[PDB]
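Below is one structure, written out as structure tokens; the observations come after it.
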Amino acid sequence: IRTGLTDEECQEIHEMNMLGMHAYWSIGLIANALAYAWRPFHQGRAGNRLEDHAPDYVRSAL
Amino acid sequence: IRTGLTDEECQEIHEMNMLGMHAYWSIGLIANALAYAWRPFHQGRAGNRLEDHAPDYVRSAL
Amino acid sequence: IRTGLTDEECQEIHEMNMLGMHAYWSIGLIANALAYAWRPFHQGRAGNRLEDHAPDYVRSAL
Amino acid sequence: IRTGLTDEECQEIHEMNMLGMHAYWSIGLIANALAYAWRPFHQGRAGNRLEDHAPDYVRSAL
Amino acid sequence: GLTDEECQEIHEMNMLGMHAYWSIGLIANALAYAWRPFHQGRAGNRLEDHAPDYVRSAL
Amino acid sequence: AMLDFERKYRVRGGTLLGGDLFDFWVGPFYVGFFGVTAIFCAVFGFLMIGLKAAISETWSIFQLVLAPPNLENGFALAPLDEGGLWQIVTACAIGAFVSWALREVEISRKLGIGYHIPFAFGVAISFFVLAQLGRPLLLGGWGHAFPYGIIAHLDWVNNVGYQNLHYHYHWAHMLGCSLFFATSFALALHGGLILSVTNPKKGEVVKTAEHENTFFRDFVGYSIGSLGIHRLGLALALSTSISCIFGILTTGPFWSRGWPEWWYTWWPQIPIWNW
Amino acid sequence: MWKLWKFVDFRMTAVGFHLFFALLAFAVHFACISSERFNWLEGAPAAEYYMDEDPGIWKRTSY
Amino acid sequence: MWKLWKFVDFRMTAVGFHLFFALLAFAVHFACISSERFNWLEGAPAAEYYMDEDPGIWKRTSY
Amino acid sequence: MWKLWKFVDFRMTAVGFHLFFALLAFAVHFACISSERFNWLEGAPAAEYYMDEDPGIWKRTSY
Amino acid sequence: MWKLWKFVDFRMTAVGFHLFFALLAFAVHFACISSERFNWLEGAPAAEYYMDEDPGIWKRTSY
Amino acid sequence: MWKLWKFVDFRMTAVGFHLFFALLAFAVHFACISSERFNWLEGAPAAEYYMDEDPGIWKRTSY
Amino acid sequence: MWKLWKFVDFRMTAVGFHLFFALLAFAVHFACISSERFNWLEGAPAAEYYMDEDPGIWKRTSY
Amino acid sequence: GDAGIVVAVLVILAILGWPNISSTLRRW
Amino acid sequence: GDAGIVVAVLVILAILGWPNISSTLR
Amino acid sequence: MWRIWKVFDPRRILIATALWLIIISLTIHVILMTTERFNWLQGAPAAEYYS
Amino acid sequence: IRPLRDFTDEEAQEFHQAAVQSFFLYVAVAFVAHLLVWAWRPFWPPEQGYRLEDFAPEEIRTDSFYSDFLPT
Amino acid sequence: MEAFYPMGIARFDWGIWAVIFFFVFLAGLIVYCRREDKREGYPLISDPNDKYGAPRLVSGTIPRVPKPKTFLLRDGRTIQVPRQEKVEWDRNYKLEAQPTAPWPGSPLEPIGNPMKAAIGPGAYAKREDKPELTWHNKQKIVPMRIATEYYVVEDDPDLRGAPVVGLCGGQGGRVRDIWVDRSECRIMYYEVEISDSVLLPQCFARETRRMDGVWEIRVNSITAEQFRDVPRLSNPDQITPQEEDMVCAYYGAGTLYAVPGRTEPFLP
Ligand code: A1LZM
Ligand code: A1LZM
Ligand code: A1LZM
Ligand code: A1LZM
Ligand code: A1LZM
Ligand code: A1LZM
Ligand code: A1LZM
Ligand SMILES: C/C=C1/c2cc3[nH]c4c(c3C)C(=O)[C@H](C(=O)OC)c4c3nc(cc4[nH]c(cc(n2)[C@@H]1C)c(C(C)=O)c4C)[C@@H](C)[C@@H]3CCC(=O)OC/C=C(/C)CCC[C@H](C)CC/C=C(\C)CCCC(C)C
């Protein structure tokens, strides 16, 4: 029921856990900002389907 | 729960881990930079489908 | 195995390690350079498909 | 390697065995002679197929 | 373990076996090559390319 | 890299073929000469599978198949692009399975245990051999054996089953499906029983053989016991492999009509109820 | 939440999270590949390339 | 994170990372192979060979 | 990495690397075989035979 | 519920909830993908883009 | 390499080479049987029968 | 080579040789049966019956 | 050309990564 | 042509490697 | 590099190497058999001849 | 504990010398074999390639390395 | 790459997604089963026969060796698996053998008589030295001279007094009594008196009906002489799991070491 870790062991585990979690969180946030600026993830009410905005000759995989 | 490793063993394992992780990381960043300069991974709003930029005789697997 | 590897034992293992890894690395680099001078691995913007450069009678596996 | 039966036990077993085998043999010879006189088992050079000796209207299973 | 003289005997036996087989197989390959050389010339040795079109080729 | 008790048993001897030259361990694996030959046949057969993937341009474990030659080829050696690769891999698979079973014989000798495991594996190998040799011999060519593709041998199973219209009705298929279902049923029962005895609710003591015996006596009226469950399990799985042998060797060779028609041929006409 | 490691094994949590995030990176890259807009491997044009006004995300736009 | 090896086995971590990166290098190389633009084995032309403007990535280009 | 063998078994590492590189060398020689340009066994012509100019790799060539 | 950990295993509860919420996040992102209105990967238009009035949710609109 | 058998067991080396050479002889004879040029069992003609010039090996012959 | 039996079991050598030679006698007889020229059971004619000269084996014959 | 640059770079890496040269950088 | 060359090379190798001569150069 | 024989049995590495050599030798021979130019058994013409 | 046969450092050096010489002699023999194969038919394609279909007339049957058995 | 509402988009469908989820569960299940596999013999130990030391981090940890499992027993004992008495038994196990070669993975050749070495097929585990009881605290493995309630069924041969022959056919002894498992209702051992008494595991005994009509026990594992060296029982009328394990291991030793040939291949 208890891991048996001391408070100091838990605190060093937690500082590593915070560093890893928040480094991954921030790198992922920057990555998602870059991908969102590349192509916004969520369509507007008009959508972002190529069939609805590109001309007929532009093929769309639907 | 504890691996039994001392602080010295943990630190030398960590020196080796930082070496391997960051060497792989830098070599991979250079490799991805080379591949990105060869062909950028992410298409622009125009895309990079051959069908959309190349003439009809340029066969496209898409 | 009643004792772990000594620094001497580990060092003589790593001597062979580095010899093998770096010899394979250099021989592979030379082999890849030879194969690259034979036929460059990465296509230019024009590509290197035969269908895009060879005449019609030159059959291509696509 | 041996059954352990005495000479007299083997002799009485053999008496019963000769009795059974030769009684069966003679009864079978009488039965086969009766079946042979009824219809000889082995055809002559002419055979004994109905289709070869009977009129056409006599149906034969061959 | 294997003694010095036992390794000697094993060595002569191994030399005899390998060299006898090697020489017999070299003669066998020389005979099969003289019969029909194994490796085709630039023209190849397919029957279809050289036979007069009525010789059937399994190829 | 070695079990807490492993070194206590890692002794020389027990080899069928290999002496002390191949009698060693690489990591956990015992090698033996039959281990060497099993690795040879396995790696060469996988390299021939990769060769077929290369020549067929099929670099998909699912879409790639080494199919046997055509039926018109008969028993002849085929071109590697026309079933010859399948023949090479058939030899490789037979060799690898036999070498694996013989390495298991070696391991059983070294451990002093019976040869039951290599025997059961050899029953499975016997299925493979009779399917890839017995069916060609019965039907007159390597093309009647199943191919070597993860998904494509399923297509062969489909087509060979549907050659007899409704393959479910095959007597050997009915028996063997019953045997596979009984094998999974009995493996579920047996694993569940052993775990139930050794993992009761938290706070309960580990139960005994009497507990498991009375469990199945209370449950279904019969308990087959510790020895009986393993004997029955080996029997069920083996018998399902023999049923597989009979099924693959009879569908086509011994009945070219539908298995529904096979059932109609005898069962409805059994004179006790055909009137 | 350092005290979480008094009751929840950190090795379990970290190993499972790394396994799940390998799973999830594959899953999400698969989702991007499955989207024509987001399949960088096929490089389809974005609809913004052919639109004139910004489509928005929460912007109340009408046809 | 030198203290991670007080709690997490480094041999497990390094071996699993090397196995996963072998698998992932294979998977990523195959992902490139699946892509027409990036299949070096087939050597298809790049679309930039056929457009006289830089496509960009975040350039906000329009038709 | 000279201290790696104090922790990670060198026999395991060397054997596993040799086995994985055997598999990978098979996979890569087969990847060349799968490529028309790189299948040295079939010996298909390179597209450089039919183009006067050097295609480049990073060269910003245009149609 | 602070006394629930006197009677219910917290590591069991937390691990189970994290597993279940991983599955449920997958299933719910999936339910969004299953919807034409909500598949951001396919990016279909919203019906509000074409109708000139707010549809509402509880608004008692009439045709 | 006189002392090789002092170290490597010659007896099993010879037994294994005999088994492997039985397999190899079978394989090589089957390769010859598969070859139309070399299948003595079918007895197909040699192309040398129907060609006036010697085909040669390494002869640098031309059409 | 009389000393091979100081090292190699003659009983199993002879048994394996007899088994392999039974299998090989069957295989070779089946090879002859498979051959149309050599199948004595079917008794097909020899091409030498219809030839007007000796074909030879190493003779440099021409059409 | 680009291919010549790649081949030269690979050769240079092979020379520098050669054990007799890479081992000059050992620091124990 | 060169087929005779290969045959001669193989025959020479067989003669040299024969035990009665292979042992002379032991 | 001789110290690798303190790490690994020379006999076992020799067995693995001979196994690998047999495997790759047969694989290469069969691969050449699958080719047109290098299948000596099929005997196809070479492109240098312009058959 | 103590192995029956021991493999000393000098014995390891001697085996490594013998094995390196054996490997290099084996590689040299294999290289001579490869030189013979290359002189027979070079196995590195030139810029024009060496596909027989690219040089032979259509009366010469040329079969591609790739087969159409699995159109995937 | 069409959308497939409500079944997905491109290959991001729920066929493949239930496939992925089940493969994730199957991987977790294989990991769980591997951890359960690591409840015996783990953590791994490298081969002591090694010119190099032991790496600090040992193999067999990719699925972590789980926390030792607690078993509550009928006798009131709380045992912990891996049982440390077994681990220390393996650590301090007398080998009577040497590695054939100085590298890990080398087999062990016994120094002297391998029948008495308790090495390899003769090796045995540390087990309980108190005789096992049934649920009703009755002696679980008991001779029929004590458990008179147990009888050989009528259709089956009662081999009390039957000859026990060894590998070479020599008379190993005579069956004094049959040891049965009360819980399993099976013959566990044949007590074989030698002209002293030893035990013969039932799976090491072939009850063969001679053509005389006389039943005997054929023991392929060991010879008649080696019957004298079977580990004896500390108490004649009871056997502990340790003694069971010793006797079975002695006959397993015989399976490879009873005669010089059976440790050798057909062709070496
Ligand atoms: C055509 C044909 C071909 C080939 C060929 C072959 C064979 C046959 C083989 C091989 C190999 C091998 N490779 Mg190679 N290749 C190829 C390419 C390549 C690449 C690319 C880039 O692409 C890479 C990176 C490789 C690499 C390698 C390794 C990994 C291995 C080993 C070597 C070494 O050692 O290293 C060493 C060497 C080397 C090369 C390595 C290094 C680099 C550096 C860092 C740099 C990187 C960069 C990057 C990635 C970027 C890209 C860009 C583009 C523009 C996009 N490969 C081609 C395609 N192969 C092998 C193996 O596998 O083994 C196992 C074999 O067998
Ligand atoms: C149709 C109708 C029929 C019949 C009928 C019947 C029934 C139903 C039955 C019988 C029998 C029986 N048989 Mg008879 N058969 C028949 C014929 C015959 C023959 C011929 C050849 O053909 C034989 C040899 C017999 C014989 C016999 C035995 C083996 C058994 C037993 C019995 C006795 O013992 O006598 C007895 C015996 C006796 C008869 C024997 C005899 C020696 C002898 C002299 C010697 C000489 C031989 C020969 C072969 C000569 C040939 C001729 C030619 C070819 C010209 N079978 C028919 C076809 N079954 C039984 C049984 O099997 O049981 C097990 C029964 O049930
Ligand atoms: C339409 C069509 C159809 C069909 C088809 C058909 C035909 C033709 C046939 C069959 C079969 C049958 N199946 Mg079937 N199916 C159906 C379905 C069904 C069902 C349901 C639910 O519905 C069920 C449950 C069923 C099942 C069955 C069973 C029983 C069987 C199978 C199994 C086997 O065989 O395998 C058997 C198999 C075996 C034994 C195998 C062995 C390996 C070897 C050595 C081992 C090794 C290997 C390897 C690779 C190694 C690995 C490595 C690691 C990984 C590292 N079904 C449909 C209807 N079907 C067979 C027989 O007959 O049997 C009897 C045959 O022939
Ligand atoms: C076409 C072709 C291609 C490629 C190629 C290849 C091969 C072959 C390989 C690879 C890899 C690898 N990569 Mg790559 N790529 C690619 C892309 C990519 C990406 C994207 C997103 O795009 C990423 C992120 C990656 C990354 C990576 C890693 C993870 C690994 C390692 C490296 C390292 O370590 O570092 C390196 C790292 C790195 C680079 C990263 C860093 C952060 C960064 C800056 C930040 C940002 C991010 C993000 C995500 C955002 C963006 C998006 C948008 C839309 C804009 N990859 C392409 C598509 N590959 C490898 C592997 O897998 O291993 C196992 C291999 O083999
Ligand atoms: C196209 C493409 C794409 C992408 C992509 C990718 C890849 C490839 C990857 C990724 C990721 C990842 N992401 Mg992403 N994305 C995307 C989107 C998204 C979203 C949405 C909403 O949409 C989200 C929320 C995400 C998120 C994420 C995370 C979770 C991870 C981790 C990282 C981090 O940490 O960051 C960090 C974190 C983060 C970013 C998160 C944040 C919170 C926030 C503020 C809140 C939220 C909001 C919401 C939900 C609302 C809705 C909206 C409306 C509807 C309007 N993603 C797209 C679609 N990716 C990764 C993974 O998986 O891991 C493993 C990877 O690999
Ligand atoms: C009495 C007594 C005796 C004996 C003895 C003895 C001794 C001591 C010895 C011997 C030997 C021997 N053998 Mg004997 N034997 C006897 C018999 C016999 C017979 C009959 C049947 O009669 C026969 C046939 C025999 C054969 C033999 C062989 C196997 C060997 C040789 C080797 C060689 O080869 O060289 C030589 C060398 C060489 C040849 C080298 C080879 C490259 C490699 C691999 C190849 C591979 C290849 C591949 C893989 C690829 C192809 C493919 C195709 C394309 C597909 N024997 C008697 C019994 N023995 C040796 C050995 O083993 O080694 C170690 C020795 O030492
Ligand atoms: C057509 C048909 C045919 C044949 C036939 C037969 C039969 C049936 C048999 C045989 C054999 C045998 N071979 Mg022969 N061949 C053939 C060819 C050949 C070759 C080539 C060159 O190609 C080789 C290398 C061989 C080799 C041999 C050995 C290894 C073994 C043993 C022999 C001895 O011992 O001596 C002998 C030995 C010897 C000859 C070896 C040596 C040289 C050296 C290294 C050099 C090499 C070179 C190279 C590879 C390159 C050139 C080519 C080009 C392309 C120009 N084979 C053909 C194709 N088979 C056997 C076996 O397998 O074993 C078991 C048998 O049975
Ligand atoms: C009635 C009894 C049965 C039984 C019993 C039993 N099977 C055992 C043992 C015991 C006692 C073992 O003791 C042994 C073992 O070690 O693992 C536990 C073993 C094993 N069986 C395996 C696979 C298995 N077995 C199956 C069926 C039963 N197995 C029946 C039900 C099935 C199917 C389809 O039902 C499968 C896929 C492996 C995991 C392992 C062998 C490894 C090998 O052969 O090495 C050799 C090593 C390798 C890598 C083999 C590669 C050889 C060729 C060249 C590779 C190409 C493969 C083929 C051509 C096969 C056809 C492909 C299909 C797509 C068409």
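In this analysis, Cβ positions are derived from the backbone assuming ideal geometry, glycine residues included, and neighbour counts consider all displayed protein chains. Coordinate-derived values only; no laboratory data.
Structure data summary
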read-out	value
Residue in the range P:11-19 that is under 22 Å from the mean Cα position of the chain (by Cα) and buried (at least 16 other Cβ atoms within 10 Å of the Cβ) present	yes
Meets criteria (out of contact with any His (no Cβ under 6 Å at 6 or more places or on another chain), under 30 Å from A:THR3 (Cβ atoms) and more than 9 Å from chain H (Cβ to nearest Cβ)) for B:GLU8	yes
Filtered residues of the range O:4-26 (kept if more than 16 Å from P:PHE7 (Cβ to Cβ), more than 9 Å from chain P (Cβ to nearest Cβ) and not hydrophobic (A, V, I, L, M, F, W, C))	O:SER25
Qualifying residues in the range P:53-72 (those that are within 13 Å of chain I (Cβ to nearest Cβ) and aromatic (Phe, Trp, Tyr)) - the one nearest to the chain's Cα centre (by Cα)	P:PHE65
2 or more residues farther than 30 Å from E:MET13 by Cβ and more than 8 Å from ligand 7 (Cβ to nearest atom): qualifying helices (runs of 4 or more DSSP H) within chain K	K:10-34, K:47-50
Residue in the range F:42-65 that is away from chain Q (no Cβ under 11 Å), of a type in the set (A, V, I, L, M) and assigned to a loop (DSSP other than H, G, I, E, B) present	yes
Yes/no for F:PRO118 being outside any helix (DSSP H, G or I) and within 12 Å of ligand 8 (Cβ to nearest atom)	no
Residue satisfying all of: in the range E:25-36; within 7 Å of another protein chain (Cβ to nearest Cβ) and over 18 Å from L:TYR63 (Cα atoms); farthest from the chain's Cα centre (by Cα) among these	E:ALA34
Residue in the range P:30-38 that is out of contact with any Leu (no Cβ under 7 Å at 6 or more places or on another chain), of a type outside the set (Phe, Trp, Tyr), under 30 Å from E:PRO52 (Cβ atoms) and within 14 Å of chain I (Cβ to nearest Cβ) present	no
Which listed residue, of Q:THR78, Q:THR100, Q:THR70, is β-branched (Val, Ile, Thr) and either closer than 24 Å to F:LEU21 by Cβ or under 20 Å from the mean Cα position of the chain (by Cα) (or both)	Q:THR100
Count of residues meeting criterion [within 11 Å of chain F (Cβ to nearest Cβ) and among the aliphatic types (A, V, I, L, M)] in the range K:1-53	10
Residue within the range I:26-42 that is surrounded by fewer than 19 Cβ atoms within 10 Å (Cβ to Cβ) and hydroxyl-bearing (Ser, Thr, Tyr) present	no
Every residue from the range E:15-41 that is surrounded by 19 or more Cβ atoms within 10 Å (Cβ to Cβ) and either out of contact with any helix residue (DSSP H, G or I) (no Cβ under 9 Å at 6 or more places or on another chain) or farther than 24 Å from O:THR35 by Cβ (or both)	E:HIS19, E:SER23, E:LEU26, E:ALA30
Residues within the range Q:193-222 that are crowded, with 19+ Cβ neighbours inside 10 Å and either more than 16 Å from Q:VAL152 (Cβ to Cβ) or among the hydroxyl-bearing types (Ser, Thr, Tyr) (or both), tallied	7
Test: residue in the range E:31-40 that is more than 27 Å from N:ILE21 (Cα to Cα) and in a helix (DSSP H, G or I)	no
Within the range A:16-62, considering residues that are under 28 Å from G:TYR50 (Cα atoms) and of a type in the set (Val, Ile, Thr), the one farthest from ligand 3 (Cβ to nearest atom)	A:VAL58
Verdict on I:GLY56 being at positive phi and either basic (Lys, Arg) or over 18 Å from the mean Cα position of the chain (by Cα) (or both)	yes
Residue within the range D:42-50 that is more than 10 Å from ligand 2 (Cβ to nearest atom), within 21 Å of the chain's Cα centre (by Cα), under 28 Å from Q:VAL214 (Cα atoms) and surrounded by 10 or more Cβ atoms within 10 Å (Cβ to Cβ) present	no
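The rows are residues; the columns are (1) assigned to a strand (DSSP E or B); (2) under 21 Å from Q:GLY41 (Cα atoms); (3) within 11 Å of chain F (Cβ to nearest Cβ).
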position	(1), (2), (3)
Q:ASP90	no, yes, yes
Q:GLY105	no, yes, yes
Q:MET115	no, no, no
Q:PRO131	no, no, no
Q:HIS136	no, no, yes
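Residue-by-condition table, conditions (1) away from chain P (no Cβ under 14 Å); (2) within 16 Å of ligand 6 (Cβ to nearest atom); (3) surrounded by fewer than 20 Cβ atoms within 10 Å (Cβ to Cβ); (4) more than 27 Å from F:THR265 (Cβ to Cβ):
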residue	(1), (2), (3), (4)
F:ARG135	yes, no, no, no
F:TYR148	no, no, no, yes
F:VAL157	yes, no, yes, no
F:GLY176	yes, no, no, no
